[PDB]
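Single chain ahead, by itself, as structure tokens, in the form deposited in one PDB entry.
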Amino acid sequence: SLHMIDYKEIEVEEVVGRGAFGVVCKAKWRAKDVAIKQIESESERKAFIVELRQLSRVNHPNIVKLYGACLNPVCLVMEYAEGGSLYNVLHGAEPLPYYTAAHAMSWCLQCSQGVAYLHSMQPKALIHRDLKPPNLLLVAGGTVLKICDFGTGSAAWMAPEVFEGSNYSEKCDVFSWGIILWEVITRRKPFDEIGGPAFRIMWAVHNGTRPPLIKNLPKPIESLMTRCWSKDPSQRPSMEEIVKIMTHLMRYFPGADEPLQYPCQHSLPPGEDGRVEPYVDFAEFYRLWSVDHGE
């Protein structure tokens, strides 16, 4: 429930991308920089309407803010994520930014906060259904993360019970969260070594295949990550529990407030061993952890 806008007051600019349906472009509105997604032929009409009703209910710090809409041509006027997508930060073009373990953990904590808010909606919970880096936006110097484009999304982040058509719950979003955590820690695309048609990934994941273990990952983070990957949905933690756990771990990950400002020359040596090395460094975590415990 909120704000209307007339297309004639919006100055469309360069296309910034295309998601599940419409097309997102850069733009201006009332001298404020905005981002807008419009339809490209009805059919997206139905979907766009659902997005409106949903987006009109949500109000949270970690979810893209909607400014208004319009059926003149029909489009959403959202806030412009200066920082771009998390996909582009991770796997984008040449000058890729350097990021730390604190950033990675912080992005994941903020993601779970936004999703925990959706899962706690009343009358009934909203499931995202399409959690993946292309749908995670960064602002405030790549410091603050926000979720966008609700499913209502490649097979690399989908919970197996979802492809198999079968019923599913908010626990499908918890599975995607687990994969995104592996992905920001290793800075590798999940199942990139499978490729081919999507059905080859679905088959692998359906038979129990998960992203390779990370070398030297902290036990408390590894256990949280693998629990989210559980075949059995009921065995995955709730998004609320993930928020509590991640919040407590952040105590050993200081520096999440620092903006992304250094360009890194990221290598990436695959060689399918029996594990992968993390992109981020956990040496400070262990030292700060050790200080609070025994080691």
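Sequential numbering from 1, following the sequence displayed. Think of the rigid core as the biggest set of C-alphas that the two forms share within 1.5 Å after superposition.
Enquirer: Of the other entries that cover residues on both sides, do at least a third skip residue 113?
Expert: Residue status for residue 113: no gap in any other entry.
Enquirer: Answer yes if residue 19 is missing coordinates in at least a third of the other compared entries, and no if every one of them models it.
Expert: Residue 19: unmodelled in a third or more of the comparison entries.
Enquirer: Hey, how big is the hole between residue 152 and residue 153 in terms of deposited residues without coordinates: none, 1 to 3, 4 to 9, or 10 or more?
Expert: Gap between residue 152 and residue 153: 10 or more residues without coordinates.
Enquirer: Taking the mean of the C-alpha B-factors per stretch from the entry, tell me the winner out of 265-273 and 238-246.
Expert: The deposited B-factors put 265-273 ahead on the C-alpha mean.
Enquirer: Can you let me know which of the two, 93-101 or 76-84, has the higher average C-alpha B-factor in the entry?
Expert: Result: 76-84.
Enquirer: Highest recorded C-alpha temperature factor, please, choosing from 228, 260, 27, 256.
Expert: Highest C-alpha B-factor among the listed options: 27.
Enquirer: Considering only modelled residues of the same chain, in which third does the CA B-factor of residue 220 rank: lowest, middle or highest?
Expert: It belongs to the middle third of the chain when residues are ordered by C-alpha B-factor.
Enquirer: Among the modelled residues of its chain, does the C-alpha B-factor of residue 169 lie in the lowest, middle or highest third?
Expert: Its C-alpha B-factor, which the entry lists for residue 169, ranks in the middle third among residues of this chain.
Enquirer: Looking at the entry's B-factor column for C-alpha atoms only, identify whether residue 133 ranks in the lowest, middle or highest third of its chain.
Expert: Within its chain, residue 133 is a lowest-third residue by C-alpha B-factor, going by the deposited values.
Enquirer: So where's residue 196 on the chain's Cα temperature factor ranking, which third?
Expert: For residue 196, the deposited C-alpha B-factor lands in the highest third.
Enquirer: Place residue 127 in the lowest, middle or highest third of its chain's C-alpha B-factors, as listed in the PDB entry.
Expert: CA B-factor rank for residue 127: middle third.
Only in words, not in the display: the form deposited in another entry, which the text now covers.
Enquirer: For residue 39, does the CA position differ by 2 Å or more between the shown form and the other one when the superposition is done on the rigid core?
Expert: Yes, the C-alpha position differs by at least 2 Å between the shown form and the other one.
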